[PDB]
Enquirer: 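Input: one structure, supplied below.
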Protein chains: 2
Amino acid sequence: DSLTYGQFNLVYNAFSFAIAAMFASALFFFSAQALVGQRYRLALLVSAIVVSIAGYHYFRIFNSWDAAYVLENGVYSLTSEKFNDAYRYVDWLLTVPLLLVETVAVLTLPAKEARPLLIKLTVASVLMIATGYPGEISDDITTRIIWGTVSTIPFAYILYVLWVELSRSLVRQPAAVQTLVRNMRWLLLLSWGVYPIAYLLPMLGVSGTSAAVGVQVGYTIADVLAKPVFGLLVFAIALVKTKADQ
Amino acid sequence: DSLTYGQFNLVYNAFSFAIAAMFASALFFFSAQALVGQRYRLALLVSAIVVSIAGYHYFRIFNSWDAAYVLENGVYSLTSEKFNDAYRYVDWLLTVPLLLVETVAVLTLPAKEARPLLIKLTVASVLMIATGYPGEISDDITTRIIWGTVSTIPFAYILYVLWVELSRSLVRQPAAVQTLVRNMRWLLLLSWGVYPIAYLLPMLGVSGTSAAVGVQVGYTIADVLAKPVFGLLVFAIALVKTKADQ
Ligand SMILES: *C/C=C(C)/C=C/C=C(C)/C=C/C1=C(C)CCCC1(C)C
Ligand SMILES: *C/C=C(C)/C=C/C=C(C)/C=C/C1=C(C)CCCC1(C)C
Ligand SMILES: CCCCCCCCCCCC
Ligand SMILES: CCCCCCCCCCCC
Ligand SMILES: CCCCCCCCCC
Ligand SMILES: CCCCCCCCCC
C-alpha cells in the first residue's frame, strides 16, 4: 500500500547511507593493504571486494526503491515497477562466501584445514540464503515462518562452526591478538543475528507497511555491521599479527 | 520561505549522516590509541575528542532543523523557532584549534617550536571564524561578501603556514611517512576549501531556499572530510611512524 513521507525517507536514507559506507570503506580497505604484512593483505583485499559488490547492489537497490514509489497528494503511492527483493539476496549469495574467506584468511590456517572448512561453510550459506528467499517474498505468514525456520538450520551451523574455529585459533596467540579475536567472535554473532530478527517483524502484528519498512532498514544496518564494521576488526587483527611477526 | 519535500530531506539526511559519522569515528579513534606507539596516542585522543564535540553539536543542529519546519499541505512551512546558525560556528571555534593540535602532535615537533606555531594558528582560526559569522547570518549580499573576504585573510594564513610546516617536516623521514604527509597536505587544502565555496552559493543567483540548502549540505560534507576522514590519515601516519621507531 501507500507509504507516508517518513516511511519512504527512512528507507531512502538507509540505502543512501549504505552506498556511502560501502564505497568509502572499499577505498579504505584497498589502501590499508599497505599497512599490514604481505601474509594478511588477501584478507584486506577480499574485504574491499565485499563492500564494492555490496555498494554496487545498494546502488541498484536505491534506484529500485526510488522508481517504485511516486510522490502525489502528499504521500507516496506504489508505481508500476515493483521493488526488486532479489538484488539483496543475489548480493548475499556472492558476498557471504567472500566474508567467510576473509574470516579464514586473517587467521592463517593451513590449506589442508582451511579448504574443507571453507567449502562446508560456503555450501551452508548458499542453502541458508536460498531457503530464505521464498519466505522473504511470500504474502503469506505461514509460508514465511516455514521457509525461515528451515533457513535457521544452516544459519546455526555456520555460527557454531565459526565460534569453535575462532576459539580454537586463540591458543598460543599473543594477548592483544586474543582480545581482538574474541571480540570478532561476538560481532559476528550479534551482527548476523540482526537478519533473522528483522525477518520476524511482519509477524509481530503491526501494519504491513511499517513491517516492510522495518525489514528493509534492519537488513541495511545489518549489512553495514557485518561487512565494513566487521572488516575494521579484521584490519586490526592484521595490524597486531603483523607486529607479532616483528 | 517554505521548503520542498526534497529540500528538507536533503538537509535532514545530511545532519543524520554527520551524527553517525562523528560518533562512529569517535569510537574508532579512541580505541585506535592501542594500535600506535605511546608518542602518537595524543593525536588519536584529540581526534576522538574533535568528532565527539562535533557529534554533540550535530545532534543539536539536527534538532534545531527538525523543530524549525513543519509538514503541512504537502510542503514544509517555517515554524516559529528559527534555525540556530550559531551551533556550527560555536563548534568550529572549539574543534578547529583542536584539529590544529592533532596536526602538530602527529608530526612530533619540539615544544619550543610547537607552542608558538599553535598559538599563532589558533589566534588566526578564531579571527577567521569570528569574522565569518556576521556575514553568514546577514540577509544582505554586500555584507556577506565583505565579512567573507575579511575571513579569507586568516584562512589563507593558516593554509600557507600549514603547507610550509608540513613540507619542512618531510625531510629525513622514511618514504612511507613522506607520501602520507604529502597527501595530508592536499586533503587539508581541499577539505578546508569547501567551506568558502559553500559560503559563496547565495550569491551565484539561484533561489534563496536552494542556496540555503546548499550551504548547510556543503558545510556538513566539509566537516566530515576535515575531521573523521582527515583523522584516518593522521592514524595512518601514526602507524607508519610507530613502525619506523621499530
Ligand atoms: C553481508 C550480508 C550478510 C552477512 C547476510 C547475512 C544473512 C543471514 C545471516 C540470513 C538470515 C536469514 C535466516 C537465518 C532467517 C530467514 C531469512 C534469512 C535469509 C534472512
Ligand atoms: C571542523 C570544522 C572546520 C575545519 C571549519 C572550517 C571553517 C573554515 C575553513 C572557514 C571558512 C570561512 C571563510 C574562509 C570564508 C567566509 C566564511 C567561513 C567562516 C565559512
Ligand atoms: C568501487 C567500484 C564500485 C563501482 C560501482 C559502480 C556501480 C555502477 C552501477 C551502474 C548501474 C547501471
Ligand atoms: C561520545 C560522547 C558524545 C555524547 C553525545 C551526547 C549528546 C547529548 C545531547 C543532549 C542534548 C540535550
Ligand atoms: C543460533 C545461535 C547459534 C549460536 C552458536 C554459538 C555456539 C557457542 C557454543 C560454545
Ligand atoms: C588561499 C589558498 C592558500 C594556498 C596556500 C598554499 C601555499 C603553497 C605555497 C607553496
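No hydrogens, no waters, no symmetry mates; every other heavy atom, side chains included, goes into these values. Throughout, a chain's letter reflects where its sequence line sits, starting with A, and its residues are numbered from 1. Order of appearance sets the numbers: ligands from 1, and atoms from 1 within every ligand.
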Enquirer: Does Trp147(A) have a non-hydrogen atom less than 4.0 Å from ligand 1?
Expert: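 Outside the 4.0 Å threshold, so no.
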Enquirer: Surrounding CH2 of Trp163(A) (heavy atoms of other residues, nucleotides or ligands, distance under 6.0 Å), is the total greater than 12?
Expert: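 It does: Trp163(A) CH2 has more than 12 such atoms within range.
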Enquirer: Is the ring centre of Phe59(A) less than 6.0 Å from the ring centre of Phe15(A)?
Expert: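 Between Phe59(A) and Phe15(A), the centre distance exceeds or equals 6.0 Å.
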Enquirer: Closest approach of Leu107(A) and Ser169(A), non-hydrogen atoms and distance?
Expert: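 Nearest heavy atoms, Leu107(A) then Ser169(A): CD2-OG, 3.9 Å.
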Enquirer: Enumerate the protein residues lying less than 4.0 Å from ligand 6, judged by heavy-atom distances, in chain and residue-number order.
Expert: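 Close residues (ligand 6, cut-off 4.0 Å): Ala156(B), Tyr160(B), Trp163(B).
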Enquirer: Enumerate the atoms of ligand 1 whose separation from the nearest heavy atom of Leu99(A) is less than 4.0 angstrom.
Expert: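 By the 4.0 Å cutoff, the relevant atoms are 1 (C), 4 (C).
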Enquirer: Using a strict 4.0 Å cut-off to heavy atoms of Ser151(A), name the atoms of ligand 1 that fall inside it.
Expert: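 That gives atoms 12 (C), 13 (C), 14 (C), 16 (C), 19 (C) of ligand 1.
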Enquirer: Over 60° means perpendicular and under 30° means parallel, so tell me whether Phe235(A) and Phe235(B) are parallel, tilted or perpendicular.
Expert: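 Geometry flag for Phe235(B) against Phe235(A): perpendicular rings.
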Enquirer: Against heavy atoms of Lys227(A), which atoms of ligand 1 measure under 4.0 Å?
Expert: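 Listed by number with element, the hits are 1 (C), 2 (C), 3 (C).
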Enquirer: Could you identify the single nearest non-hydrogen protein atom to atom 15 (C) of ligand 1 and state the distance to 0.1 Å?
Expert: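 Of the protein heavy atoms, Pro196(A) CB, 3.8 Å lies nearest.
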Enquirer: Examine the proximity of ligand 1 to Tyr89(A) and report which part, side chain or backbone, both or neither, has a heavy atom under 4.0 Å away.
Expert: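 Looking at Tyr89(A) and ligand 1, just side chain atoms fall under 4.0 Å.
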Enquirer: With sequence neighbours excluded, what pairs up with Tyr87(A) under the side chain to side chain donor-acceptor pair (under 3.5 Å) test?
Expert: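 In terms of side chain to side chain donor-acceptor pair (under 3.5 Å), with neighbours along the sequence ignored, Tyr87(A) is linked to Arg60(A).
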Enquirer: Residues in side chain to side chain donor-acceptor pair (under 3.5 Å) with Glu136(B), at least two apart?
Expert: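 So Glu136(B) forms a side chain to side chain donor-acceptor pair (under 3.5 Å) with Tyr89(B), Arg144(B), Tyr219(B).
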Enquirer: For the residue pair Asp85(A) and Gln216(A), what are the closest heavy atoms and their distance?
Expert: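 Closest pair (atom of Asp85(A), atom of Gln216(A), distance): OD1-NE2, 4.4 Å.
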Enquirer: Checking a contact table here: which protein heavy atom is nearest atom 17 (C) of ligand 1, and how many Å away?
Expert: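 Of the protein heavy atoms, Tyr199(A) CD1, 3.4 Å lies nearest.
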Enquirer: Can you sort out which atoms of ligand 1 are near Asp223(A), meaning under 4.0 Å from one of its heavy atoms?
Expert: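 Per the distance check, 1 (C), 2 (C).
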Enquirer: What residues, two or more places apart in sequence or in another chain, satisfy ring-ring contact (aromatic ring centres under 6.0 Å, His included) together with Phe155(B)?
Expert: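 With neighbours one apart ignored, the set is empty.
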Enquirer: Decide if atom CZ of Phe83(A) counts as having more than 12 heavy atoms of other residues, nucleotides or ligands within a radius under 6.0 Å.
Expert: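 Yes.
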Enquirer: Using a strict 4.0 Å cut-off to heavy atoms of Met128(A), name the atoms of ligand 1 that fall inside it.
Expert: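 Reading through ligand 1 atom by atom, the close ones are 8 (C), 9 (C), 10 (C).
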Enquirer: Take a 6.0 Å sphere around CH2 of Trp192(B) and say whether it holds more than 12 heavy atoms from other residues, nucleotides or ligands.
Expert: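 Enclosed: over 12 neighbouring heavy atoms sit under 6.0 Å from CH2 of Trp192(B).
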Enquirer: Give the contacting part of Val96(A) toward ligand 1: side chain, backbone, both or neither, where contact means a heavy-atom distance below 4.0 Å.
Expert: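 It is the side chain that gets close, since no backbone atom is under 4.0 Å.
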Enquirer: So, applying side chain to side chain contact (heavy atoms under 4.5 Å, CB included) with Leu98(A), which one of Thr103(A), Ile53(A), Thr122(A) is it?
Expert: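 The option that passes is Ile53(A).
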Enquirer: What is the closest protein heavy atom to atom 3 (C) of ligand 1, and at what distance does it sit?
Expert: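 Sorting protein heavy atoms by distance from atom 3 (C) of ligand 1 puts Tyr195(A) OH, 3.3 Å first.
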